[PDB]
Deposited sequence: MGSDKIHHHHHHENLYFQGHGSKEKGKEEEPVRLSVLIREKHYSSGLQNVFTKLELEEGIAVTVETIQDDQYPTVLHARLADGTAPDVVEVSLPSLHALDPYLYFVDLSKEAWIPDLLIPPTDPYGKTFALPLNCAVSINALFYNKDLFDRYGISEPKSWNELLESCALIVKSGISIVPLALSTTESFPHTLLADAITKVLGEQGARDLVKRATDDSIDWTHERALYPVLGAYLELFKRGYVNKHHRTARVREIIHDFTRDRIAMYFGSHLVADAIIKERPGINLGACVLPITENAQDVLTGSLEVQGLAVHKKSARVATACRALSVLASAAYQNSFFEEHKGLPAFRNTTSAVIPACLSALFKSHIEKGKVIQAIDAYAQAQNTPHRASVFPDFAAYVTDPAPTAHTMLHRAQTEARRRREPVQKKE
């Protein structure tokens, strides 16, 4: 058979090339690839879908699909036999999967800590909010307690994680929605009262430093590898970078206990790439057959000898999981217990974010969470 593919220039890796080469060699599917310059790809894909000339398989950005209507353009893959093998199945707002993902996640947020420092000062892995506060207290008795690094989005990762967890997958999506269409009224967001309270308490006790929050990732790495930071909350990509810089460092990773339900789910970025099937294709069956082969352990294993990042599927031997993420990989990631943090969405980025810079409201004397919500709403109007 034949299959046509549309992909981003910079995403047409040796990984995918060899994947498509195997497909032609072993499965008798002649694949023709059409690459588009990355900054142009969303424009081009939209146009080709609109005029119906789009290739059989197209690269898409998960989870939001460039705001395209998948029920118009893409095959619903939710019932394909390989869906159970996904670690974190991509979903639209109805829970349906419209692409084969190349990774389960871009970024996982966790509390990373220096196991040796914890041992030195008799600190145990915090398994609750009070244990976190106590852990910070002992560090101050003995080194910045809880370090944070700067981002290009609001709210900061720490508050984003906590808000996302209390609201859950639907609630978090709705929050981005109403923030983005400007219908939100922050004084109605009383579900956020306790997590803003927690945030405030960290500032109050000096466990997080407002003046340090603009610290670059490079600075966190520099200080962490010199035993100047006990705990860092943020992206596992930062933890990876710490280990790269100091291979012998003894790093642990656990849930940040900042909400009553923190142990239930991890947050992160699920803004991964995927391959969707063009609904109006005359070769939909062939496309679906191809994705099924691509999803197979043999192909995933070959792919991840080249492709970087976290695996998309269960039992991808060639995908390396960082040792520090080992526990969380088994407890949460492998079980799909991950949802997208509200700061990971494009709308959240300053380019002007749809979310408030809540930390900017925290001055001396500190306001209440009620006052922070009023301030957020005042800036809205």
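- Taking the first deposited residue as 1, the stretches without any C-alpha atom are 1 to 31, 174 to 176, 386 to 388, 419 to 428.
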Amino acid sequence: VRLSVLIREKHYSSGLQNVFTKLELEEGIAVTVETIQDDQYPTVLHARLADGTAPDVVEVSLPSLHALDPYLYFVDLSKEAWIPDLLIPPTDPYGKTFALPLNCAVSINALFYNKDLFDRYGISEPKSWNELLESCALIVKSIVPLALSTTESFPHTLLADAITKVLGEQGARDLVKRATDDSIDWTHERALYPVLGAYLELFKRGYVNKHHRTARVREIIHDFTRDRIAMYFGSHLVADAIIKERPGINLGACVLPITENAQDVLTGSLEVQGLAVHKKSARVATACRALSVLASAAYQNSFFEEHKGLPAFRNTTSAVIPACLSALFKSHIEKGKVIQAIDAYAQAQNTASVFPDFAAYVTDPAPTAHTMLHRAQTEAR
From here on, numbers count along this sequence of modelled residues.
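- Annotation for 220 to 228 versus 305 to 313: the higher mean temperature factor (C-alpha) is found in 305 to 313.
- Taking the mean C-alpha B-factor of each stretch as recorded, 122 to 130 and 84 to 92 are not equal, and the higher mean is that of 122 to 130.
- For the set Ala344, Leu49, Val58, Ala327, the PDB entry puts the maximum C-alpha B factor at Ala327.
- Between the residues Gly268, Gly206, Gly197, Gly274, it is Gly206 that shows the highest Cα B-factor in the PDB record.
- Sort the modelled residues of the chain by CA B factor and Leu45 lands in the highest third.
- Looking at the C-alpha B-factors along this chain, the one for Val255 belongs to the middle third.
- Split the chain's modelled residues into thirds by C-alpha temperature factor. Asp161 is in the lowest one.
- Sort the modelled residues of the chain by CA B factor and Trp186 lands in the highest third.
- Sort the modelled residues of the chain by CA B factor and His211 lands in the highest third.
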